[PDB]
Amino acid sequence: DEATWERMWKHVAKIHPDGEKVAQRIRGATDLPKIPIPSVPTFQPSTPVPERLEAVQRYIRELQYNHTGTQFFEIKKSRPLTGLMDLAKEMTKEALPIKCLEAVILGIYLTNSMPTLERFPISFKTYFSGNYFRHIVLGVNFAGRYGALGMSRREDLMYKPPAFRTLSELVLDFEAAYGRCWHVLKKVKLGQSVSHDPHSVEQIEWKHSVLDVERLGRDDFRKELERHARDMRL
């Protein structure tokens, strides 16, 4: 795959201040730090699900956020689940940096072995200084409590341990985190529970609920997240 490869380096030449010299120094270097391949986490049946989730999130962090400007694992959101799980397995074998959407697919692959754990996508559209921003994490529910797995450029926009007692509290935590950096939350897209069958021929339903956070208002926003939580016990 040389075409893709030189795309990445040609794209770096543009975006980095000193684009060309940077490629020169790395591509011409004979000795590079060998990066250890991260070990895929596997769990004893005695390990509680919350400790498993901490290990899944640590593995996702280990791959690191992809700052190169070139995505190594393209994701067609309309692919069947068994197609996306094939791709998650190859992320496991290639072990390259990733972004938010790839981490959601990785999070599902790594939690299919936890049938008592409910997984569902939550994507956000936020506004700031004339620009729109899209982000997505993997919502999770364990024993009646809510949390999240993900990959983000910000520490408070990814991992939440499953401690929130309602979905509303989980989502409002994200809004507060967005607010601390002056982002307005415009829209929340919530999907349905993801099947634990890695061979399922169905798509992820990314848009079971779309909430207009400005057109809804505070309490109607809360009632809407709760209707969605009730509908995941479908």
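In this text, rigid core is short for the largest set of C-alphas that superpose within 1.5 Å between two forms. All residue numbers refer to positions in the sequence shown, first residue = 1.
Taking the rigid core as the alignment reference, the C-alpha atoms of 8 to 16 lie farther on average from the displayed form in 5 other deposited structures of this protein than those of the other stretch among 221 to 229 and 8 to 16. Each structure in 5 other deposited structures of this protein is fitted to the shown form on the rigid core, and of 188 to 196 and 30 to 38 the C-alphas lie farther away on average for 30 to 38. Just going by the entry, 65 to 73 versus 27 to 35 on mean CA temperature factor gives the higher value to 27 to 35. Averaged over their C-alpha atoms, the temperature factors of 2 to 10 and 225 to 233 are higher for 2 to 10. In the PDB entry, residue 102 places in the lowest third of its chain by CA B-factor. The PDB entry assigns residue 161 a C-alpha temperature factor belonging to the middle third of its chain's modelled residues. Among all modelled residues in its chain, residue 145 ranks in the middle third by Cα B-factor. Among the modelled residues of its chain, residue 135 has a C-alpha B-factor that falls in the lowest third, as given in the PDB entry.
Sorting the modelled residues of the chain by their CA temperature factor places residue 119 in the lowest third.
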